[PDB]
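Have a look below at one chain only, the form deposited in one PDB entry, in structure tokens format.
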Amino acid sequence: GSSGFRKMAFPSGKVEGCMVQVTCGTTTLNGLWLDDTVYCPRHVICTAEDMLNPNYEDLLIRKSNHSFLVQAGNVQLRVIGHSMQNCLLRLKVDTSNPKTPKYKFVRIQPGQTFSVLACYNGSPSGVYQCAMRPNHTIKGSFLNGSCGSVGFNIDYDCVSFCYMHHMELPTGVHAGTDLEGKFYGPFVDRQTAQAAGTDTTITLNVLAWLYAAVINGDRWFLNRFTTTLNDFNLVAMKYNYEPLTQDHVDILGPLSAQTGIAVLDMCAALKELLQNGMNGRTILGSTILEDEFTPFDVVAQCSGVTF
């Protein structure tokens, strides 16, 4: 047994210095501060009510430069200009962020990983690695209660801002846009049922997670049965799981080598936890199967065999 899984801590390269808080009305979210400009989700101008059907074009002409309170710690950046870029809100401040790095605005895609700086109430609370699900969402509990946080990659001395968090979908995943205000995926910045096809559980991660568990003591969930790749995916879909490809099986080769448990034998164990549940039982201090951690996040912390 263990006290839970922790995700690797990646570099930030002074990205934490570009974080500020934007407050219009009763809403307060995170924003990106570069030079003399501030970026943040435009729904910061919407009160809980104006979410069922907001027309930002008019909700904006009802705000001035005073309407916005930009904070950089105990320091306030005075808004001397405001415009709108798609779903982002552009704000011109009366000063440039001294610790602004060489950057650019790229727009990655599903599969590509990037670091994300989560902000609890404001202060930076860690940099994490996340990938863009094929449906264009991201699974991470650290983004809960956040918003307006940013994702990026570092190449030498240049920061590549590629993402901004807007709203959390009821399915537990998060939707964001690139740094031009254009959403990644069929999502929108309004309160509406739009989380269709985001409830699919990532088999690859659960498995990895299950390996991470075995590596730290948890074994009870390991029966001595087995299953074919086909007979597994049969159950995979029944419970809304990603059918596993022989390709995915390769990815889980390092861990299978380390623990000495064949990937198919780990599936027979998973298939059980899906047809019977855990029964108030636990795995790495969890009563539900986790899938926020990829095979790489696991191998990272739980090193093991070297390659």
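For every residue, the number given is its place in the sequence shown, counted from 1.
J.: Taking the recorded C-alpha temperature factors, which stretch has the higher mean, 164-172 or 114-122?
T.: Between 164-172 and 114-122, it is 114-122.
J.: Looking at the deposited entry, does 125-133 or 183-191 carry the larger mean Cα B-factor?
T.: Going by the record's values, the stretch with the higher mean is 125-133.
J.: For the C-alpha B-factor as written in the entry, point me to the maximum among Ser96, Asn153, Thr228, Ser83.
T.: The listed residue with the largest C-alpha B-factor is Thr228.
J.: According to the PDB entry, is the CA B factor of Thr27 in the bottom, middle or top third of its chain, that is, lowest, middle or highest?
T.: Answer is lowest: the recorded C-alpha B-factor places it there.
J.: Would you mind ranking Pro254 by its C-alpha B-factor against the rest of the chain and naming the third, lowest, middle or highest?
T.: Top third by C-alpha B-factor.
J.: Looking at the C-alpha B-factor of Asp36, is it in the lowest, middle or highest third of its chain?
T.: According to the entry, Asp36 has a C-alpha B-factor in the chain's lowest third.
J.: Lowest, middle or highest third of the chain for the C-alpha temperature factor of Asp199?
T.: Tercile = middle for this residue's CA B-factor.
J.: Ranked by Cα temperature factor within the chain, is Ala9 in the lowest third, the middle third or the highest third?
T.: According to the entry, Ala9 has a C-alpha B-factor in the chain's highest third.
Omitted from view is the form solved in complex with a small molecule, to which the following refers.
J.: If we take heavy atoms and a 4.5 Å cut-off, which stretch out of 204-212, 226-234, 158-166, 99-107 is in contact with the small molecule in the entry with it bound?
T.: Only one stretch passes the 4.5 Å heavy-atom test: 158-166.
J.: Using heavy atoms only and a 4.5 Å cut-off, determine which of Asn153, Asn135, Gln191, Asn216 is in contact with the small molecule in the entry with it bound.
T.: Exactly one residue meets the criterion: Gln191.
J.: Give me the residue from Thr282, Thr37, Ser256, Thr27 that has a heavy atom within 4.5 Å of the small molecule in the entry with it bound.
T.: Contact with the small molecule in the entry with it bound is made by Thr27 alone.
J.: Quick one: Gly111, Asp250 and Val299 and the small molecule in the entry with it bound, is every residue within 4.5 Å by at least one heavy atom?
T.: Not a single listed residue reaches the small molecule in the entry with it bound, so no.
J.: Within 4.5 Å, heavy atoms only: does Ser146 come near the small molecule in the entry with it bound?
T.: Output for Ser146 is yes: heavy atoms within 4.5 Å of the small molecule.
J.: Using the partner position in the entry with it bound, report whether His43 sits within 4.5 Å of the small molecule, counting heavy atoms only.
T.: Yes - in the entry with it bound, heavy atoms of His43 and the small molecule come within 4.5 Å of each other.
J.: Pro170: heavy atom within 4.5 Å of the small molecule in the entry with it bound?
T.: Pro170: yes, in contact with the small molecule in the entry with it bound.
J.: Spell out, yes or no, whether the shortest heavy atom distance between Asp50 and the small molecule in the entry with it bound is within 4.5 Å.
T.: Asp50 belongs to the contact set for the small molecule.
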